[PDB]
Amino acid sequence: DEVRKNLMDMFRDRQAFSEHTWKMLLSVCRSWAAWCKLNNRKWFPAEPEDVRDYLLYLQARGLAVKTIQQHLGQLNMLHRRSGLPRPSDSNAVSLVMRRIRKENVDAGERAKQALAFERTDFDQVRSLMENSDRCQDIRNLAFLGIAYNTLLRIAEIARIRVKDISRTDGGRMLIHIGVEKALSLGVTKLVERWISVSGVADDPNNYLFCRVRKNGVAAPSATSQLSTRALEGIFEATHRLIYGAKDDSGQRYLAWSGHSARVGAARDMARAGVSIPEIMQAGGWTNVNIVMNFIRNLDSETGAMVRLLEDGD
Amino acid sequence: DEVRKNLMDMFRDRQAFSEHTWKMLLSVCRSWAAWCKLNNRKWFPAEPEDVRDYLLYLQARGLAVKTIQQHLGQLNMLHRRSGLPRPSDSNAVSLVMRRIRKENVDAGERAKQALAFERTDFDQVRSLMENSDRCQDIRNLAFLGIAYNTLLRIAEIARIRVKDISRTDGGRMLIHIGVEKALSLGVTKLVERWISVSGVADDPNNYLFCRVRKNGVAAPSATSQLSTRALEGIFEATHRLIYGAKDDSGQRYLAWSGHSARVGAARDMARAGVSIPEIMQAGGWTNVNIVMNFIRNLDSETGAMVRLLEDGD
Amino acid sequence: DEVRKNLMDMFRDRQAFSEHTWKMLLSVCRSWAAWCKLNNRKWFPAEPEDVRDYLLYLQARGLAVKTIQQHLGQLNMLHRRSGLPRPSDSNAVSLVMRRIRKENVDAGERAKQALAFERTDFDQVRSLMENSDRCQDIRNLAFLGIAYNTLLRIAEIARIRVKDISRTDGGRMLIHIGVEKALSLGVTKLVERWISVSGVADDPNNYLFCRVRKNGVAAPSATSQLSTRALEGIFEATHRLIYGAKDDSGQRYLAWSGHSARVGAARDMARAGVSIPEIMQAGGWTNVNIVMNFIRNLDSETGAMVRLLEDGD
DNA sequence: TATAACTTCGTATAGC
DNA sequence: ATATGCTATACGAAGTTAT
DNA sequence: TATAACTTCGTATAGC
DNA sequence: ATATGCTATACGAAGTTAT
DNA sequence: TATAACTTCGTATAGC
DNA sequence: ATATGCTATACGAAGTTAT
């Protein structure tokens with residue numbers, strides 16, 4: 001680690017890449033480094049046949065193609081940055097990444113996706129929570145409403161500041177995102193409750209969402225945001241609420257997570273006949289391929305042909 | 001052939017590729033081989049300037065760019081498989097495939113597409129056949145209904161087994177495909193007739209469609225399916241029924257073929273304002289590019305701007 | 001120039017490329033040539049490190065990535081044509097084009113787009129012009145109608161010949177384009193006025209639009225078309241009409257231009273829930289990516305989620 | 001004449 | 001999220017008629 | 001104290 | 001049908017307050 | 001027998 | 001606007017039953 005760490009420390013501007021990206025670079029580098037160590041190989045610069053065997057090593061441990069792509073990519077970076085040929089540009093490496101994929105496009109392994117939080121889900125949760133006078137519930141129900149209505153990422157929701165909210169037609173809220181997002185009358189109402197009870201509106205620089213301790217005492221803040229982990233947890237808790245704990249099969253997506261609402265909303269708009277430009281606008285997509293992929297798991301069956309044949313649309 | 005044949009025979013696992021693919025590999029190889037023979041050239045490994053002249057040869061005979069791409073691709077495979085450089089990776093080859101295309105993107109030659117079997121077509125055929133008490137007609141009308149309603153390929157339709165059928169809302173049938181496909185009330189009814197008269201439901205392992213000999217006697221079966229050729233022929237016959245024989249201009253798509261219903265349905269859904277996700281779901285597409293291309297010949301003119309301007313939508 | 005010019009003069013068939021393309025080739029070549037001159041460098045064949053410094057030179061002067069891509073592309077052509085390696089295929093060149101882009105995808109510089117002429121705009125213009133008895137106004141209002149209704153490019157509109165017009169359902173006009181474009185009842189009416197007053201229908205080979213001099217006297221013609229510059233000017237004038245002159249900030253798109261109607265119409269159809277195939281048909285697009293990009297600036301906010309949640313669609 | 005109302009051009013840049 | 005190729009518009013300015 | 005209700009982390013992997 | 005790059009979430013677990 | 005109504009095939013080419 | 005890979009249909013013709 002230290003070695004991995006201190007060696008790096010350079011790339012002049014940390015700011016050259018994202019903190020999220022520097023994080024992954026380190027993990028990979030640490031990973032690659034331990035391996036090279038154990039197997040007595042040269043860490044940097046990296047030899048292709050070694051990179052190739054390192055990926056195979058990842059594959060042989062059960063890692064996704066996407067995870068392997070990651071380790072490869074960060075490795076490619078180091079080299080590229082430090083002005084050296086890219087492991088990727090190595091017949092050996094090219095070849096493995098190809099062998100590894102086929103192996104699974106064949107194998108039937110495909111990228112997963114968060115368990116959808118759809119309208120039926122939202123409705124049910126409201127049936128259970130709308131009446132609650134518990135701060136936590138008032139907060140979380142508003143959070144889910146926004147998540148579902150706006151399709152924003154948890155990192156976007158967490159950074160909403162009270163000053164980002166305005167009103168539009170019919171008094172619905174308007175949330176400005178670095179883009180503007182409109183809430184329905186009902187979601188606006190839930191958010192207004194969270195707002196009146198919480199106190200966040202006391203300082204417009206206050207983040208719309210904040211902690212609520214066991215006291216049930218809220219703690220508005222313009223400097224600290226609820227972690228994305230916390231937001232994930234609201235999803236999970238809510239899941240638990242209606243379905244009880246999860247089995248220990250150890251696999252992802254057994255409960256709702258941070259993308260559940262973005263996934264579900266997308267599916268809801270698609271199943272409802274909504275057009276691609278509108279869908280794109282609802283979630284802020286700019287690529288048709290990216291959005292169509294994101295909705296790769298439409299879960300209802302729309303019977304466009306039945307409708308057409310029955311002339312009943 | 002034999003030489004072409006027996007030399008191949010290897011690729012350890014036939015199963016490595018599809019039977020349809022091994023078929024094309026052989027044809028090409030036979031083609032390439034005869035040419036090399038006649039022109040005294042080395043068949044394997046293949047020399048680029050020779051591959052290049054072999055493609056030009058295909059072009060100079062009237063073959064489509066897609067057919068040339070095929071011969072090239074199989075040739076590329078052999079080499080790749082047998083661990084050798086890909087003719088494709090040869091300046092000479094790269095260059096021709098480029099020259100050859102331009103030559104036609106210019107030339108105005110474009111990929112064809114099956115003659116569409118659309119709702120108007122389906123309706124007309126029903127006007128003619130619905131009343132028939134002829135087994136053949138009861139069968140074929142049900143086949144066309146499924147083909148149009150579901151947009152399934154002929155190879156998918158041919159492998160439907162009676163046990164793949166269930167019911168849904170309003171008693172409409174549900175056909176499970178390795179995905180589920182819902183039929184409208186009317187198509188379900190046509191299929192039910194075919195089912196009651198044919199006897200296929202006697203053994204649930206029975207393929208939904210089967211032969212009907214000159215006797216008019218059906219022959220249900222769980223081991224043998226109607227060939228895709230036969231299904232193509234139903235399309236053709238039906239075409240002939242309403243338009244009489246085809247001219248001997250010798251060109252493809254003069255009558256309906258196996259894709260006519262998939263093509264037509266797609267066009268019908270597109271002309272009707274149906275959204276891309278729904279269209280995608282109706283035909284089981286996952287790529288937006290692939291579906292938009294497939295509907296490259298929308299044949300009605302939708303006047304979205306006229307509708308918008310006339311505020312009459 | 002002369003040197004640039006006369007050296008070129010070859011490419012056997014001028015017809016090998018478009019006149020618009022030969023125009024750009026010359027400009028670039030003239031540009032590149034002057035630079036090479038000033039900086040004492042070899043014009044042809046071109047050395048990569050020189051090409052690289054020439055692009056940097058363009059960047060260092062404020063030119064768009066698209067403009068740089070152009071100079072690069074024409075340069076690549078010359079070489080390619082004259083059977084030489086492509087500057088593009090040069091580590092140095094590859095690298096700059098990459099550095100230059102990042103520099104702006106980062107920089108926030110993005111391709112611009114013409115100021116939209118949308119339905120609200122069309123309506124307003126009609127409020128102002130419909131009553132006019134001025135030839136110029138009768139002409140221009142019809143031109144804008146066609147531009148908006150059909151989404152055709154100015155070079156397509158300019159080449160419409162009176163003989164390209166037919167009628168359809170309800171007596172709406174049908175304009176055949178090398179494709180057929182239908183006008184609404186109202187736009188057809190505006191065009192009919194322009195037609196009756198102008199005299200163009202006297203010779204069916206007459207271009208639908210023609211000059212109208214200060215006399216107010218039209219000059220129908222089957223040999224000369226209104227320049228695309230003129231059409232651009234109608235857009236500008238009309239803009240000026242409702243907003244007065246433009247500031248001298250010197251930037252593009254301060255007033256309506258030739259693409260304003262194609263842009264606006266597209267946005268209008270998108271905001272209205274119209275499907276992608278229909279949108280594609282309205283503007284004659286065949287690529288989903290190309291159309292989605294073209295509508296990268298949807299300007300209204302459709303609230304598909306609000307509609308869905310309010311069950312009010 | 002003077003001028004509108006164009007056309008022609010050349011560099012810059014969007015869109016298929 | 002993405003590069004590279006050909007063809008189109010953007011627009012100020014200079015040249016052209018028929019007034 | 002114990003604890004809820006967080007935050008911080010690190011490996012794994014989805015999505016723009 | 002498709003590769004490769006950067007940035008985001010997924011989630012168990014270990015650390016942190018204010019009860 | 002003759003024949004319909006298939007199946008099998010092989011080259012050509014569309015579609016995922 | 002775009003190349004390249006694998007798998008499917010297109011269709012005339014020759015072979016196969018059960019009439």
Side-chain angles (χ1 to χ4, degrees), chain A residues 17-18 20-21 23-24 27 31 63-64 66-67 69-70 73 76 88 97 111-114 153-155 211-215 226-230 232-233 252-253 257-259 285 287 290 293-294, chain B residues 17-18 20-21 23 27 31 63-64 66-67 69-70 73 76 88 97 111-114 153-155 211-215 226-230 232-233 252-253 257-259 285 287 290 293-294, chain C residues 17-18 20-21 23-24 27 31 63-64 66-67 69-70 73 76 88 97 111-114 153-155 211-215 226-230 232-233 252-253 257-259 285 287 290 293-294:
Chain A
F17 274 123
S18 70
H20 262 325
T21 298
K23 174 198 68 214
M24 280 328 287
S27 203
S31 160
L63 297 197
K66 229 146 185 355
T67 294
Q69 277 276 188
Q70 182 84 274
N76 262 2
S88 240
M97 276 310 294
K112 277 54 157 350
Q113 183 168 66
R153 279 196 282 99
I154 56 179
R211 306 171 48 148
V212 184
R213 309 179 130 280
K214 51 185 184 159
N215 268 315
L226 272 181
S227 69
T228 50
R229 195 53 189 89
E232 252 151 2
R252 300 201 182 174
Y253 310 127
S257 50
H259 253 25
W285 281 279
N287 180 302
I290 296 186
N293 177 251
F294 182 66
Chain B
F17 274 123
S18 70
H20 262 325
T21 298
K23 174 198 68 214
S27 203
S31 160
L63 297 197
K66 229 146 185 355
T67 294
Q69 277 276 188
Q70 182 84 274
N76 262 2
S88 240
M97 276 310 294
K112 277 54 157 350
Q113 183 168 66
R153 279 196 282 99
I154 56 179
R211 306 171 48 148
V212 184
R213 309 179 130 280
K214 51 185 184 159
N215 268 315
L226 272 181
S227 69
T228 50
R229 195 53 189 89
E232 252 151 2
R252 300 201 182 174
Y253 310 127
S257 50
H259 253 25
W285 281 279
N287 180 302
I290 296 186
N293 177 251
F294 182 66
Chain C
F17 274 123
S18 70
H20 262 325
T21 298
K23 174 198 68 214
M24 280 328 287
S27 203
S31 160
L63 297 197
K66 229 146 185 355
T67 294
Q69 277 276 188
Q70 182 84 274
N76 262 2
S88 240
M97 276 310 294
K112 277 54 157 350
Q113 183 168 66
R153 279 196 282 99
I154 56 179
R211 306 171 48 148
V212 184
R213 309 179 130 280
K214 51 185 184 159
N215 268 315
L226 272 181
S227 69
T228 50
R229 195 53 189 89
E232 252 151 2
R252 300 201 182 174
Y253 310 127
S257 50
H259 253 25
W285 281 279
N287 180 302
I290 296 186
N293 177 251
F294 182 66

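Numbers restart at 1 for each chain; the letters A, B, ... are given by sequence-line order, proteins then strands. Below, all heavy atoms of this structure are taken into account, side chains as well, without hydrogens, waters or symmetry copies.
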Sorted by chain and number, sequence neighbours left out, side-chain contact (heavy atoms from CB on, under 4.5 Å) with B/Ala230 holds for B/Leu226, B/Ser227
Sugar pucker at D/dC6, from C1'-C2'-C3'-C4' (positive north, negative south), flagged north
Taken in chain and number order and not counting sequence neighbours, the residues that satisfy side-chain contact (heavy atoms from CB on, under 4.5 Å) with B/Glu232 are B/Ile154, B/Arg229
* To do: Assess whether atom NZ of C/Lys23 is packed by more than 12 heavy atoms of other residues, nucleotides or ligands within 6.0 Å.
  => yes
Whichever of B/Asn215 and B/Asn76 has the more 5' nearest nucleotide on DNA chain I, that residue is B/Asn76
Rounded to the nearest 0.5 angstrom, the NZ-CZ distance for B/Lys112 and B/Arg252 is 9.0 Å
The side chain to side chain donor-acceptor pair (under 3.5 Å) partners of C/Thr228 (sequence neighbours excluded) come to none
- Message: Within the 4.0 Å heavy-atom criterion, would you say C/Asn287 contacts the bases, only the backbone, or no part of the nucleic acid?
- Response: base
- Do I/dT2 and E/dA3 make a Watson-Crick or G-U wobble pair, both distances under 3.5 Å? yes
Residues at least two apart in sequence or cross-chain that pass side chain to side chain donor-acceptor pair (under 3.5 Å) with C/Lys66, listed by chain then number, are none
Applying side-chain contact (heavy atoms from CB on, under 4.5 Å) to B/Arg213 and not counting sequence neighbours gives B/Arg211
* Considering only atom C1', compute the distance from H/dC16 to G/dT2 and round it to an integer number of Å. => 11 Å
Short heteroatom pairs, N/O only, protein and nucleotides 1-3 of chain H, under 3.5 Å:
unit_1 : atom_1 : unit_2   : atom_2 : d
H/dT3  : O2     : B/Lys214 : NZ     : 2.6

The furanose of D/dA5, with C1'-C2'-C3'-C4' positive read as north and negative as south, falls south
Per the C1'-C2'-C3'-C4' dihedral, where positive means north and negative south, the sugar of E/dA10 is south
Please classify the nucleic acid contact of A/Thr21 as base, sugar-phosphate, or nothing, using heavy-atom distances under 4.0 Å.
base
The contact string for nucleotides 7-16 of chain D, one letter per nucleotide 5' to 3', using protein heavy atoms under 4.0 Å with B, S and - for base, sugar-phosphate only and none, comes out as SB--BBBBBS
Chain B reaches DNA chain I, atoms under 4.0 Å from its heavy atoms, from I/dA3 to I/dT19
*asked:* Ring-plane angle category for C/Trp285 and C/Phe294, please: parallel below 30°, perpendicular beyond 60°, tilted otherwise.
replied: tilted
Residue set satisfying side-chain contact (heavy atoms from CB on, under 4.5 Å) with B/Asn215, at least two apart, ordered chain then number -> B/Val217
On the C1'-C2'-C3'-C4' criterion (positive north, negative south), the furanose of H/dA12 is south
Dot-bracket assigned to DNA chain D with the 3.5 Å Watson-Crick/G-U criterion, [ ] for crossing and | for other-strand pairs, is .|||||||||||||||
Between C/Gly258 and C/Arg213, the residue closer to the 5' end of DNA chain E by nearest nucleotide is C/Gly258
Sequence neighbours excluded, the answer for side chain to side chain donor-acceptor pair (under 3.5 Å) partners of A/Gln69 is A/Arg101
For B/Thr67, the side chain to side chain donor-acceptor pair (under 3.5 Å) test, sequence neighbours excluded, returns none
